[PDB]
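To keep things clear, I will list the structure first and then write my remarks on it.
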Amino acid sequence: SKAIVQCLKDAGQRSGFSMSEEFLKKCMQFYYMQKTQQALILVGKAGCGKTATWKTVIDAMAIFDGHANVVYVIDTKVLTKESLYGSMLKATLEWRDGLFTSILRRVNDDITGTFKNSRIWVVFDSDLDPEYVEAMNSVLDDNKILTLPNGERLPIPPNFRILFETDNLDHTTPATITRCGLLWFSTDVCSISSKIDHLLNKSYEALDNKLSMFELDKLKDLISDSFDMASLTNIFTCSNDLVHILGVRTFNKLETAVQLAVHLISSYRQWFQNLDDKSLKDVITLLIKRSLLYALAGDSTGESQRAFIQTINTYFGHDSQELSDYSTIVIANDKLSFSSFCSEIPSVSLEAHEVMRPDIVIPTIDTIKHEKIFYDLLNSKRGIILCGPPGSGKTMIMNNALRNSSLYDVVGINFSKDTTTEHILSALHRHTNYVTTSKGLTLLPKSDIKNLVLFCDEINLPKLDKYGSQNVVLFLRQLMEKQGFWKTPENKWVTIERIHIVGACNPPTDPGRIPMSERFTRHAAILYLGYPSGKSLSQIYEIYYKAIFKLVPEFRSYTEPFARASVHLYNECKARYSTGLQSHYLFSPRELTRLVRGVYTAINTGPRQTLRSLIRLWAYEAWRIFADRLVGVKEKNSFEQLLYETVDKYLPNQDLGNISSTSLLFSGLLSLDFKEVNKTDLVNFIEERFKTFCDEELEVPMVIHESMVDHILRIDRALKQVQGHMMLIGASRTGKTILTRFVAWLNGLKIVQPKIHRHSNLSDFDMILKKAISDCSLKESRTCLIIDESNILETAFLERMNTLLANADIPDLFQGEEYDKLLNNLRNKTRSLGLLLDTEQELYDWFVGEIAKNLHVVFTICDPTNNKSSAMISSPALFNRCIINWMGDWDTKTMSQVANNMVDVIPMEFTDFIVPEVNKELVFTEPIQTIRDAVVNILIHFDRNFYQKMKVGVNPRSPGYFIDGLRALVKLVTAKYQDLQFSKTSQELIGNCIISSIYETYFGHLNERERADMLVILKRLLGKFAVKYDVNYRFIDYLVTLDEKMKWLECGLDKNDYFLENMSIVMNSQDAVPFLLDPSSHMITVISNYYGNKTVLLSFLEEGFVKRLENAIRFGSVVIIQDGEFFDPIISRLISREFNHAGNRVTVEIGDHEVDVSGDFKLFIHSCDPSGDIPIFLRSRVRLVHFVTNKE
Ligand SMILES: Nc1ncnc2c1ncn2[C@@H]1O[C@H](COP(=O)(O)OP(=O)(O)OP(=O)(O)O)[C@@H](O)[C@H]1O
Ligand SMILES: N#Cc1c(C2(c3ccc(Cl)cc3)CC2)nn2c(O)c(Oc3cccc(Br)c3)cnc12
Ligand SMILES: N#Cc1c(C2(c3ccc(Cl)cc3)CC2)nn2c(O)c(Oc3cccc(Br)c3)cnc12
Ligand SMILES: [Mg+2]
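Residues 2031 to 3011, 3313 to 3523 in the authors' numbering are what the sequence shown lists, from first letter to last.
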């Protein structure tokens, strides 16, 4: 025993470990246990000392036995099973060995090298699960054999031993536990003081060799004694009650303290040589206090730090130099006259246009000290985590700190829900290079001489597996702790050279955030950033307003009240519109930065202003920033009241009028320069242009309305910004996708709409995006890429769109040989434009900038509560770029205007009784007038009643039925009038056509009893107004002639009146596709018996469908399509009637097939069961009809 105890002590002394009794006990335990078992399990907290334990035991054995030690360390859960074990390829049988088997192969077959004279230690340092240990269960059994799907058995020699280093056994089985030796590290192995001594000596190993001995000794004892005092321990005990973010235990922060202290002290070595002891001690103390401060309290929220400073100044001796939060040391005049000063703030003289330089920042004390500590921590070669609320200048501080530097270049990697290690490596590929060396296997240096910083933003979102392992965080742990990784297709080790890791995060309490592993976070210097105190925001924005008001110099004095109004508005918005109403009510200071850039642009491209104009403009900007996202009229009304209050407080001027969102239409369309133009003139301009647009493109009947023109102006404001991405939330059947096309047409943008269907995959969405990006860059084509939620049928599409809007590229699209090709194309393009760039970076910057100004992505979303929609809204890459617009739903006034416009064209015979009714009711639902208003009110009231009865609770209630029934009522009324071309019959035609149009539009999916209740609640509305009717009306007898009545039964229709009404609805619809939901198969026969041999039958599951359907429309055939609880989005142009007009022809894009419609075509859809979901696109265009037998 005694010899092993001695060898252990020697190993620990060489490593600089303190041979604590607990450390000794655990080392001896591990030494004895490994003698009779091969599968060891070591469990404990992060930082227990387990890795130190087993490495020290290995070295002790290396001394005592004289045998060699080969070690392999595998962070196993970064890898997949296929990458660890082997697999089979697509068809080739060739077996890819996988890492663990490849090393076992080398351990056995080699017969060259001292593996027989070596112990082989394969360490699986990660959290373990059943699947992985199960895939190797035969290695733990007495077979001691690795069995492979390849049918071969690999015998393991006695030399091969396995260590499961981990932190938890929650998901491990007793079956494995009972075959292993379990070692539970029930405590930390060493003292805080001894860990400090070890860390000191470790850094001395680096710095001592460079430094000359005379300085070296005096310095290292000058630090050791002061740093080792008891009071510091007192301080640690006074740490444990402080409110740390992320919660790393005090034992795991010493690394940060020692490295930052030693780095700082060593930075002044060239000066220190002249000082007296007193001044030197002072400087040493002050640096150690500053490093202790930020090591222990840097994760605390400001006040804690200023309060903790008092404790540090109290528990150190009062003679020692006092520490203040602002204190910084500056080398004044000659060497050694250091000055401890604060607020050396440079005054920035921003020119007006520099308001929209994204690299700019205001020199504020907070930012100065953050940039300071950031760069010190980076220079110490420690990892960092910049945690802070959304919009706490986490990135701005980094960008400023590193932009000035010429040494530390940046890569940005914006995480999402499912980022992969492949995404990280694909990011790295553009900047990095791989070199082969025998000594370092594959070294990965960066592609130059500098240092490289990986800014991994949103690091706490990647979705963990069911065991809780989020593998990318383990990969980043591997990169820090091990300085490398395994390349698993090659199975060789990669050492990283000079690359640094920086994290950024939103606090773990926010929605959707995952608590990261302590094993990971222990390696990083965590810092907290907070919102800049409000007042400092008033100073920052006072600078911005003064800069932009250099364009209007007489108004320079008002920059203070403008800034104060801006922050006052911000603060009250953030307070009153919280996330408890809607999850998208988030407000950062970036809302104000958008504000000042918008106000700038508006002034820059505007005419001469007066103060009245300035206030109007500022109100417009405030509206389009803050309030466009709001839903609820009470919220908009309170926003108006808030605006009035803010302006009354700060800008008390005399000629402000209504500030309503619809009373301040600033435009840049009619006039060359941006100014508040008149609504009438806008109306007439939009009418003529939209008519011309419809004539030039397709035939869509749309009636101009004031909401439409407002939303037009909002989309124009979006599309004219340099990098404006819009998102249009709201219902279906409300013009989104045609308004965006219209405004794109006005702006001369190209339009793109992805053509994805039931089989399109990632590869296809990749070809779409590569096409778009190549047009935007090489052709400069300025494309409006329109996306709908239906297009992202898997989350991979959403991750790519996140990468796009987060950056201005997809690295994965241009990797490898495609990168070399791309580089060649850009060289040719640039030289064709006469600007010449040589090195890859310059051209890629040009590339990315051209994308960033020539690509506008617009997301329509029909129902926000859908899980896909919720993911798109919740995506941070989308949310922090997309101007959110809430179109929502149509109001009563808009419905009345649209209805009145449609009703006015139709002739209306005078009816004597329509006037005396007016006096009576006074419900106040439209100005009292004539039949036109009476009809409008009846339609609006019925639509409201119907959406009460259907049980549709919140917002999925598009105006589709309203528009369709209104259009069908013109066809009825004017047809019946032609039939009439009596004195008791003419006037009830109105009521009967009202009823008829309603049955056509609303009744098709109602049960008989629901139809009865509708009929009652309608009938009362007619008798509620002047609309008399046939009291004995019957829909069947009114609409269906006796010949048709028989003809259907001859075709085999069931003699049930409910079926007769349904058949009337489906045959009487013109330009609307019936959707026949009949599980009882029979309809697909009655239709065929009616139309005869010329009835084609098709299916979404017959994979020849698309070509045969094109053929069918070429023939003018009737078509029925089976299996409706399936849809193929390529057919949408048949369903949503649209056809690009031609002179001679009338054409439709059925995919890329620009097919001419043979007129006589008729589409029916059928479906076999009501449990099949109907996509909302179909469900709001298509006439849904149910033949299902009903018990009622
Ligand atoms: N006897 C000792 N004397 C001095 N320092 C020690 C001693 N034991 C452990 N340490 C210090 O504690 C540190 C953390 O322990 P170790 O590196 O083994 O982490 P770990 O327990 O393996 O945690 P993880 O689960 O994160 O891998 C060591 O780097 C070392 O600096
Ligand atoms: N322009 C700007 C901008 C500003 C303002 C600013 C504040 C202080 C100073 Cl001295 C200068 C400017 C203009 C108000 N703050 N600000 C941030 O906080 C950011 O923080 C992030 C970064 C990445 C992800 C997430 Br989530 C949040 C990003 N940009 C900004
Ligand atoms: N005709 C027509 C048309 C209509 C209606 C209409 C509305 C306003 C007016 Cl003035 C006239 C008619 C007929 C009810 N809505 N509508 C859209 O919503 C469109 O964009 C989409 C498409 C799919 C999903 C989503 Br979400 C948006 C494109 N065209 C139309
Ligand atoms: Mg370890």
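All C-beta atoms, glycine included, are put in the ideal place defined by N, C-alpha and C.
Query raised in the report: For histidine 2293, does the three-state DSSP call read helix, strand or coil?
Result: Here DSSP, grouped into helix, strand and coil, assigns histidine 2293 to helix.
Query - At least 3 beta-carbon pairs within less than 8 Å: the segment 2840-2854 vs the segment 2448-2459 - result: yes
Query - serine 2254 Cβ short of 8 Å to ligand 2 heavy atom set - result: no
Query raised in the report: Just curious, the beta strand (DSSP E) that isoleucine 2817 is in, first and last residue?
Result: 2813-2818
Query raised in the report: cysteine 3324 lies in the beta strand (DSSP E); which residues open and close that run?
Result: The continuous stretches of beta strand (DSSP E) do not include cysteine 3324, which lies in the alpha helix (DSSP H) extending over residues 3320-3333.
Query raised in the report: Mind checking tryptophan 3379: buried by the 16 CB within 10 Å criterion, or exposed?
Result: buried
Requested in this report: Go to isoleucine 2403, then tell me how far its alpha helix (DSSP H) extends in each direction, as first and last residue.
Outcome: 2395-2409
Report task. Write down the C-beta distance between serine 2156 and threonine 2106 rounded to the nearest angstrom, noting that I regard them as a contact closer than 8 Å. Result -> 5 Å
Report task. Keeping to the same chain, check which residues put their C-beta closer than 6 Å to that of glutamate 2880; ignore five residues upstream and five downstream. Result -> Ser2807
Query - Check whether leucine 3320 and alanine 2929 have beta carbons under 9 Å apart - result: no
Report task. Specify, as a first and last residue, the run of the alpha helix (DSSP H) that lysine 2075 falls within. Result -> It is not in any alpha helix (DSSP H) - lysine 2075 carries neither H nor E in the DSSP assignment.
Query raised in the report: For the candidate residues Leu2249, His2348, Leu2611, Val2965, whose alpha-carbon lies nearest to that of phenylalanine 2302?
Result: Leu2249
Query raised in the report: Given a threshold of 16 other Cβ atoms within 10 Å of its Cβ, counted over all protein chains shown, does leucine 2506 qualify as buried or as exposed?
Result: buried
Report task. State yes or no: is the C-beta of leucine 2728 within less than 9 Å of the C-beta of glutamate 3469? Result -> yes
Query raised in the report: Would the C-beta of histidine 2741 count as close to ligand 3, meaning under 8 Å from any of its heavy atoms?
Result: Checking the Cβ of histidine 2741 against ligand 3 gives no.
Report task. Tell me the start and end of each unbroken alpha helix (DSSP H) in the segment 2647-2714 that is at least 4 residues and wholly inside, in chain order. Result -> 2663-2680
Query raised in the report: Going straight from the alpha carbon of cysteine 2057 to that of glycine 2046, what length do you get?
Result: 15 Å
Query raised in the report: Roughly how many whole angstroms lie between the Cα atoms of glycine 2778 and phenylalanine 2720?
Result: 14 Å
Requested in this report: Output the boundary residues of the beta strand (DSSP E) element that contains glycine 2211.
Outcome: 2211-2215
Query raised in the report: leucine 2699 and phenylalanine 2715: beta carbons closer than 9 Å?
Result: yes
Report task. Can you check DSSP and say which residues form a bridge with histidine 3472? Result -> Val3477
Query raised in the report: For ligand 4, any of its heavy atoms closer than 8 Å to the Cβ of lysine 2080?
Result: yes
Query raised in the report: What residues sit near ligand 2, counting only those whose C-beta is closer than 5 Å to one of its heavy atoms, in chain order?
Result: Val2391, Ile2392, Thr2394, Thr2397, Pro2420, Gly2421, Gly2423, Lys2424, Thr2425, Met2426, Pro2619, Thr2623
Query raised in the report: Which one of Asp2942, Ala2287, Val2292, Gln2671 has the shortest CA to CA distance from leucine 2322?
Result: Nearest of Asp2942, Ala2287, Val2292, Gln2671 to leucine 2322, Cα basis: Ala2287.
Query raised in the report: What number of angstroms, rounded off, separates the C-alpha of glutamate 2602 from the C-alpha of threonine 2676?
Result: 10 Å
Query - Element boundaries [alpha helix (DSSP H), containing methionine 2932] - result: 2922-2935
Query raised in the report: Should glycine 2277 be listed as close to ligand 1, given that the test is whether its C-beta is under 8 Å from any heavy atom?
Result: No, Cβ of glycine 2277 sits at least 8 Å from all heavy atoms of ligand 1.
Query raised in the report: Does the beta carbon of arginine 2044 fall short of 8 Å from some heavy atom of ligand 1?
Result: no
Query - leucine 2686 versus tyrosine 2674: straight-line alpha-carbon distance, rounded - result: CA-CA distance, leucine 2686 to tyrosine 2674, rounds to 10 Å.
**Report entry** Assigned exposure category for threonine 2589 - 16 Cβ within 10 Å defines buried
**Finding:** buried
Requested in this report: Would you kindly work out how many angstroms separate the C-alpha atoms of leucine 2241 and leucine 2853, rounded to a whole number?
Outcome: 47 Å
Query raised in the report: Taking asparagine 2708 as the reference, which of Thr2955, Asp2740, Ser3467 has the closest Cα?
Result: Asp2740
Report task. Look at the alpha carbon of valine 2163 and the alpha carbon of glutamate 2488, and state the distance between them as a whole number of angstroms. Result -> 32 Å
Report task. Rank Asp2159, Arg2136, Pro2160 by C-alpha distance to the C-alpha of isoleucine 2150 and give the top, closest one. Result -> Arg2136
Query - Secondary structure, beta strand (DSSP E): runs of 3+ residues fully inside the segment 2803-2863 - result: 2813-2818
Requested in this report: Label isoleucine 2742 either buried or exposed according to how many other C-beta atoms from any shown protein chain fall within 10 Å of its C-beta, with 16 as the threshold for buried.
Outcome: That one is buried.
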